[PDB]
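Participant: Once you've had a glance at the structure underneath, I'll fire off some questions.
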Amino acid sequence: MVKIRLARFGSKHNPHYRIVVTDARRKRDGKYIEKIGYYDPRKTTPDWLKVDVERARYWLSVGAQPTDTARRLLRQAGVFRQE
Amino acid sequence: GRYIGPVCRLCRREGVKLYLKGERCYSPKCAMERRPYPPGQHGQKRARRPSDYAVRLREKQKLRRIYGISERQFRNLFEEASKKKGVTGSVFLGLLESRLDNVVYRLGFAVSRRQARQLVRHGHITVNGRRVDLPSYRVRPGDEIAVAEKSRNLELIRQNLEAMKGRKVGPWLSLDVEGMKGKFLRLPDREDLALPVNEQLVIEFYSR
Amino acid sequence: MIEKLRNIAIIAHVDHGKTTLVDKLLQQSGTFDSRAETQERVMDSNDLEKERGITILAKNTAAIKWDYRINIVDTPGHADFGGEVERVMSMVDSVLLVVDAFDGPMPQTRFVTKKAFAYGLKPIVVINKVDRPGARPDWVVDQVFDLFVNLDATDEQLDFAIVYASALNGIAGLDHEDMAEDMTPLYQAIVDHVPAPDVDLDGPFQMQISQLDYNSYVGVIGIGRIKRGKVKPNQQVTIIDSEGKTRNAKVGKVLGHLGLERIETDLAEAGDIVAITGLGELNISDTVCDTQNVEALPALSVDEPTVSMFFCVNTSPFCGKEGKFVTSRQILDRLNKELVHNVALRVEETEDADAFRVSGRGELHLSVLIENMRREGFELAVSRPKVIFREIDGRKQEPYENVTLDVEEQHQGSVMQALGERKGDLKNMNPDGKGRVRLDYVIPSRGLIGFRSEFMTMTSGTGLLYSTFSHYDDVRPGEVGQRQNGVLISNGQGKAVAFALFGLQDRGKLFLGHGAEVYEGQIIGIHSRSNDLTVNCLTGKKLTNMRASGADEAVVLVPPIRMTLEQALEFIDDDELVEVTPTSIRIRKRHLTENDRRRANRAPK
Amino acid sequence: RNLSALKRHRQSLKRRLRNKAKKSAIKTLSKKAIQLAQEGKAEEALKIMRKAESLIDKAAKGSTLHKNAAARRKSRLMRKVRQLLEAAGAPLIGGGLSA
Amino acid sequence: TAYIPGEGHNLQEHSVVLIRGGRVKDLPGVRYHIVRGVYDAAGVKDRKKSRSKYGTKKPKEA
RNA sequence: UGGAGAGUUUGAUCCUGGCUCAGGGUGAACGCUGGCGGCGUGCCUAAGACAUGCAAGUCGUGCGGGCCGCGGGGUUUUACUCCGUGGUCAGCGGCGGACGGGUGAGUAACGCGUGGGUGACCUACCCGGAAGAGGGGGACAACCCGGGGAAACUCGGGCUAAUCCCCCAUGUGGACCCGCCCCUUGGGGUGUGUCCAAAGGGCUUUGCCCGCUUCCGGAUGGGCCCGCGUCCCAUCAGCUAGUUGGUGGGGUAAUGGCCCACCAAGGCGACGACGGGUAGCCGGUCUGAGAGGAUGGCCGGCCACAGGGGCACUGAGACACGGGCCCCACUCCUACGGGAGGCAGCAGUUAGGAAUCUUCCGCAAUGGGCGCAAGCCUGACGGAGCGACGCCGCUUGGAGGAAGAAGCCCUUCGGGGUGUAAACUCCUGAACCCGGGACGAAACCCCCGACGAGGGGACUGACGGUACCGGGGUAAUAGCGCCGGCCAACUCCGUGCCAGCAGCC
Ligand SMILES: Nc1nc2c(ncn2[C@@H]2O[C@H](COP(=O)(O)OP(=O)(O)CP(=O)(O)O)[C@@H](O)[C@H]2O)c(=O)[nH]1
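Residue numbers (the working numbering), protein chains in the order written: chain A, 1261 to 1343; chain B, 1241 to 1448; chain C, 2 to 606; chain D, 157 to 255; chain E, 9 to 70.
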């Protein structure tokens, strides 16, 4: 399936994640159909997350399914407030 | 470790007062005083020639030496000055200084590069915010530090912060003997650094 | 759980029912068919069936039932290596002496029970073969009753125990006259007669890995009797003599033939933990167990036997050669490798980088190691580490220590001859009222070699006596052999020629045959006298024709005369390194070239 | 040493059975047809052309014919019914093959 | 052929050890050499200075 | 924003050139040392062979069943069915097994990089649109019976469910022939004919949700094609029968000599052809002032094999690692007739060699496969261990203490030396001790409100009780190479063409 999920970037004990899109085939880290926002749960930076709202949407369009944790991340982002 | 051993032995070694031990290798005894000459079983052996090498290497050498910090690392930063536009000679010289440890001493807090570094690792440091003990940790664009908390109290703290309360530092080192606090300004610059040497000598020495 | 373990050993010797004891009992132990021997135990046990013991576990009942254990030697010999069974007294709580009702016991067994006589462990008589005809069973019992009457037990006496066993699994027993069958009483004659070795119901682990081995996967095997605590690392452990140690992995007890890591250890049984510490290394001397608190643990206990066979490198001419391990390096790796498992072995370093003083137990013992060396692919000569004449101005100042070997006045004149004939000065013959009589003959290392062999052939096993030294002498003035009937040496490499070995054939015996192409120094038979020579032939010459024909003549020739090893080694005397190979066994003189031998002799003065 | 998956296999058994069976089917009848056309029994030849068309697609249904499988199938078919039936004989029940 | 360095030695035919290789002019064909301690071959006994090569751990000066 | 030269061929000189040397770099080994940590890091030879333990299943909202427990009788009991149900085990029926994991043997090729190509294509698990969903039949497992075999497995008989298979309706369509008009190599509308649609399940249920059939479509992933670019030897010259092309023809998702029959015979080459040798291509990486050298694992991407050789069906997708048939070698078992095995997947064994770890805890995080969700699967991963194998940080100590020890080194014996070096005082204060202790995690789920938007609630981390912080708290490892010139570093003694050291001279 065509999905928006994350990848891990950092090192030993440091994992920020790539908010990206690829097909559930390329290793969590495989190439990715495309880059889209980034986020880190350990926090640090006041800027611990940037989930491009737009791309979120566009991509989302045709079938874009997201990790669950994904979906929650993006909605939070505010790409999911049906106002 | 960062070298160790009979060092005023080096006082004699290089000459240019390696009084550097901190006090008496600094007053009436340590090549700087006493048999000033190059030590050894043949120190009083009329020297011979100075291979342009003897030259470059010499300078490069005592240079590195008087600062108590890795030859490797040294060269490293060098490169930095080298791969970071600007007479690497200078840039580096600066970098040399800007080192935490370097500073630990630089500001009277410390009386010798060694005791300095020592304290650094041992605590009683007041990084901009609580503290750090890397007798390395550079000194970001001039920051603040000093006799950290539970330190403003050790007998030697005293010797120092105490006998100190007098003289002034340089044009890049802010000496606040007050609430025992030092603060850096900007890249020290050639001039403001006594310590005789040159630069070229050493960098060319490196060139490959 | 430790108050039910019963580990015992089934002593033996030159005969007659080794195990036999351990095996067969399967009933009990196993599925159906076939084999049922081996039995059990082990690898290459065709010609014989000694050494490599362990263990006798199996949860076989009887029923009775249980006791338990059923987990002790179980050890014959015919030892080889003199003792070895020693590792038995460090666990076993009783012995199973299996004598024969045809003649009784054998001197070979006059040790397995002796070494432990000063015990401690009521032996368990077991008369077998009684299933046949000629073999008084009532008379044998009487004889096996004097084995202690003169040595004590003391509570033996009993010595009851006292069985006879039977071929068709009697076994008696008990004893007489058909057991059952015989797989229902033997069990009782043990349990009800076997107690539960004092074990620590609690505390830490006290398993003394007596023996030890290894597998192409199952790593190293502990092997030993638990004294306290048990048993599932890791949970590191502790070794004796040294730290011992990091931790541990598993432990494969002896459920009968494994292998299977004891689900839970404690003591009593003869478990052998593994994995920890990777079996690195092993020394039936320490005392593994809990983490200190606290050393140490006994015993050693004893291994120093005797005998010594110098080792070297086949630095001869014939290349090149046996397989791929003839140099020193390869050899060394083997030497040390043996100084691990072997308990009755004592490897010593001599002068010649290509020489070694292999100190074993019995004359045959050293053979086991030698025989196993070939099958592995490594030719070596025997013995052969000589001594040094010092010190030094001088004439052989070695030592001299003798020891009688009762006797039984049926050897007083058969043993006094050799000793007296070899300078064996009887410093004193301490006699007694019993019947025997010691005989300390200050003999030197020059007149002691091979002595152990012939000796066992004089007193017939029943005769022990070692030595050491009293003071560095000078060898005196006479030669301590030097053997009779000179050895026939060759005159060059080539091949055996019927026409060459035909001529001088009545001048004694021959070794090789034809076209057998040996080399120089290599012996090819013994001379009819004491003198030595170096004949030759191939050639065999000469061919041929014409003319013409037809008569006649067609000399034949006899063959060995070959063997044994074992039958050729002891044949030497001066310097005839029995060059052996992983498929052959030769024997040459310390100096191949004839004229070369004269260089070292050179006699007076 | 055990792994359920073999199922797969067994299925292959079943399925493959079938599919072949059918494929056979269409092949053979298509042929028979081709023949009728040949002889000149225009009419019946067509009827075949029919049952044909039918089964070809029936295949279409599952994984026996696919994509344009059935496609070529038919194309071939009708072009032929016609050619064969082109020895001057009239597209009798020209059903399967339009005007 | 290669050079048998190291002051003292041994090793008979049946003696392993090894070559870290090293030409050795003054005796053609010595394109390589051994190295004290290799398996078999031991080390320059009663030696002192420079010992890695001519292998021999340092002595406890006792 | 970046290029240093020394040795070396005479009796001394200048030159060409050969060779030597410096420094730089490596998934190195070995010698000798080995204190903490951090992170990258770990078969590059037998791509041989491997005990063993994990490495992919998951759905009763798919279907019948058997065994098991609960409740409930039933029937007086006799009996043993049937219910309801938690379930368990297959059987069957679907969706994953085609990435995820490995390695580079093979491979000189559109295989690869690169840029284009497709009027010759195809993608089920998702979003988009339109139309459909209405009757009839039936199988083989499951089970029981029967039978051969040691086993493997297993052959014959008898009944049954389903979203399985098959027939009949209904077509918004679709497919094909053929027809035309627009195009433009097999793209688009439509006309006459023919052939094809399609399963239920569960619940607050008469509808709410998983799902089902037909077709146009999107995102997507791939397939065939084409430019240029992609290594040495020509003492490898001459190479070519499906081989050059053409007719049609079969196969395939469709091209094509990819396979065929006929037919014409051209087709290829120094702008190196046929052959031989070497070889996973690259993005990229060390190197060098530099164009240029080399290299291209651990990431990542495209490519190929899976003991070696061959094949094909299942199918949306393979000729398919842990799937299946056939031969070679291998290896194991047996009642000898006959059967079972492939770790170039994770850890792990033996052999090889200079050589390369762990048979760890954890699915808490990410991630992936079945699930309506609950969750189930998951040696991908997340760490964890061990290796100076590399890279980064850190330490065994600071400070004062003599014209100056002891001692050993040199000594023209006058003195010189190692040495403030150590001894001493204060000191700081690694290791080690007590207390506390992390993000890391928030989602799937509860409740609200159209189960949707949004909102408030609930739950869960093997790294760790370590990391970290606090208070405690003794001063605590060093060595290895060199020392004639190149090159930086000097003296005593032994030594005396034996012993030896050398890159060169
Ligand atoms: N009839 C009969 N034969 C026996 C009996 N015990 C042993 N044997 C035979 O005699 C031989 C010796 O017995 P075995 O126990 O194998 O010898 P061992 O004692 O194990 C070897 P060693 O004598 O060196 O200790 C065996 O081959 C066996 O066939 C018995 O009780 N009855």
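We treat Cβ as the ideally placed atom computed from N, Cα and C, and that holds for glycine.
When you measure from the CB of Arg335 of chain C to every non-hydrogen atom of ligand 1, does any distance come out below 7 Å?
Facilitator: Flag unset: Cβ of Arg335 of chain C not near ligand 1.
Participant: Between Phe1318 of chain B and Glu1254 of chain B, what straight-line distance do the alpha-carbon atoms span, to the nearest angstrom?
Facilitator: Cα-Cα distance, rounded: 22 Å.
Participant: I'd like to confirm something about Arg133 of chain C: is its beta-carbon nearer than 7 Å to some heavy atom of ligand 1, or not?
Facilitator: True, at least one ligand heavy atom lies under 7 Å from that Cβ.
Participant: Under three-state DSSP, which class holds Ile332 of chain C?
Facilitator: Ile332 of chain C falls in the helix class under three-state DSSP.
Participant: Leaving out five residues before and five after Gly1334 of chain B in sequence, what residues of the same chain have Cβ atoms less than 6 Å from its Cβ?
Facilitator: These residues qualify, in order along the chain: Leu1427, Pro1428.
Participant: Any idea if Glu87 of chain C is buried or exposed, counting beta-carbon neighbours within 10 angstroms, 16 or more meaning buried?
Facilitator: With 16 or more other Cβ atoms within 10 Å, it is buried.
Participant: Using only the alpha-carbon positions, how far apart do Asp75 of chain C and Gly225 of chain C sit?
Facilitator: Roughly 14 Å separates the two Cα atoms.
Participant: Considering only DSSP beta bridges, list what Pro432 of chain C is partnered with.
Facilitator: C:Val438, per the DSSP bridge assignment.
Participant: So for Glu262 of chain C, helix, strand or coil by DSSP?
Facilitator: Three-state result, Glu262 of chain C: strand.
Participant: Do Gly250 of chain D and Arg206 of chain D have their C-beta atoms within less than 8 Å of each other?
Facilitator: No; because the gap between Cβ atoms is not below 8 Å, this pair is not in contact.
Participant: Mind checking whether the beta-carbon of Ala382 of chain C lies closer than 7 Å to any heavy atom of ligand 1?
Facilitator: Checking the Cβ of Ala382 of chain C against ligand 1 gives no.
Participant: With a threshold of 8 Å on Cβ separation, who are the neighbours of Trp67 of chain C within its own chain once the five nearest residues in sequence on each side are excluded?
Facilitator: Answer for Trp67 of chain C: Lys5, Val192, listed in chain order.
Participant: Looking at C-beta atoms only, is the number of pairs between the region 1376 to 1389 of chain B and the region 1286 to 1295 of chain B that lie closer than 8 Å three or more?
Facilitator: Counting Cβ pairs under 8 Å, fewer than three are found: no touch.
Participant: Beta-carbon of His22 of chain E versus every beta-carbon of chain C: anything under 8 Å?
Facilitator: Yes - at least one Cβ of chain C is within 8 Å of the one on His22 of chain E.
Participant: Does the beta-carbon of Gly223 of chain C have 16 or more other beta-carbons within 10 angstroms, so that it is buried, or is it exposed?
Facilitator: So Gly223 of chain C counts as buried.
Participant: Whose C-alpha, out of C:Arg229, C:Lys251, C:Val536, is nearest the C-alpha of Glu521 of chain C?
Facilitator: That would be C:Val536, whose Cα lies nearest to the Cα of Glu521 of chain C.
Participant: Name the chain E residues that come within less than 7 Å of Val314 of chain C, Cβ to Cβ?
Facilitator: Neighbours of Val314 of chain C on chain E, chain order: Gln20, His22.
Participant: Grab the span of the beta strand (DSSP E) containing residue 633 of chain C for me, first residue to last.
Facilitator: This structure gives no information on residue 633 of chain C, because the portion of chain C shown stretches from 2 to 606.
Participant: Pull up the CB-CB distance for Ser91 of chain C and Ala300 of chain C, whole angstroms please, since I reckon it's below 8 Å.
Facilitator: Contact flag correct, Cβ pair sits at about 7 Å.
Participant: At a cut-off of 7 Å, is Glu50 of chain C close to ligand 1 when judged by its beta-carbon and the heavy atoms of the ligand?
Facilitator: Yes - ligand 1 has a heavy atom lying nearer than 7 Å to the Cβ of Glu50 of chain C.
Participant: Using a Cβ-Cβ cutoff of less than 8 Å, which residues in the same chain neighbour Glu350 of chain C once the five nearest sequence positions on both sides are dropped?
Facilitator: If we look at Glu350 of chain C and ignore the five residues flanking it on each side, its Cβ neighbours are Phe357, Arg358.
Participant: Could you tell me which residues DSSP pairs with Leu1266 of chain A in its beta bridges?
Facilitator: Partner(s): A:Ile1279.
Participant: Drop a sphere of 10 angstroms on the beta-carbon of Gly516 of chain C, count the other beta-carbons inside from all chains shown, and report buried for 16 or more, exposed for fewer.
Facilitator: It is exposed - the Cβ of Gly516 of chain C has fewer than 16 other Cβ atoms within 10 Å.
Participant: Roughly how many angstroms separate the alpha carbons of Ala1267 of chain A and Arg1286 of chain A, rounded to a whole number?
Facilitator: Each residue's alpha carbon lies about 11 Å from the other.
Participant: So, are the CB atoms of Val579 of chain C and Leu570 of chain C less than 8 Å apart?
Facilitator: Yes; because the gap between Cβ atoms is below 8 Å, this pair is in contact.
Participant: In whole angstroms, what is the alpha-carbon distance linking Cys1270 of chain B and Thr278 of chain C?
Facilitator: Approximately 57 Å, taken between the alpha carbons.
Participant: State yes or no: is the beta carbon of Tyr47 of chain E nearer than 8 Å to at least one beta carbon in chain C?
Facilitator: Output row for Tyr47 of chain E: interface = yes.
Participant: Does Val476 of chain C come within less than 8 Å of chain E when only Cβ atoms are used?
Facilitator: False, the Cβ-Cβ gap to chain E never drops below 8 Å.
Participant: How many angstroms separate the CA atom of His1276 of chain A from the CA atom of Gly1297 of chain A?
Facilitator: Spanning the two alpha carbons is a distance of roughly 11 Å.
Participant: From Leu1359 of chain B to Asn1316 of chain B, what does the alpha carbon distance come to, in whole angstroms?
Facilitator: Distance between the alpha carbons of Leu1359 of chain B and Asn1316 of chain B is about 24 Å.
Participant: For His528 of chain C, write down the residues that DSSP places opposite it in a beta bridge.
Facilitator: Paired residue(s): C:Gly509.
Participant: What number of angstroms, rounded off, separates the C-alpha of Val89 of chain C from the C-alpha of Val303 of chain C?
Facilitator: If I take the Cα positions, the gap works out to 12 Å.
Participant: So which residues on chain E does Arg330 of chain C lean against when the C-beta distance must stay under 7 Å?
Facilitator: The contacting residues are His22, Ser23, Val24, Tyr47, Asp48.
Participant: Smallest Cα separation from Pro561 of chain C: which of C:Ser550, C:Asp553, C:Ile527?
Facilitator: Ranking the options by Cα distance to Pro561 of chain C, first place goes to C:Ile527.
Participant: From the DSSP output, read off the bridge partner residues of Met310 of chain C.
Facilitator: Answer by DSSP bridge pairing, in chain order: C:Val359.
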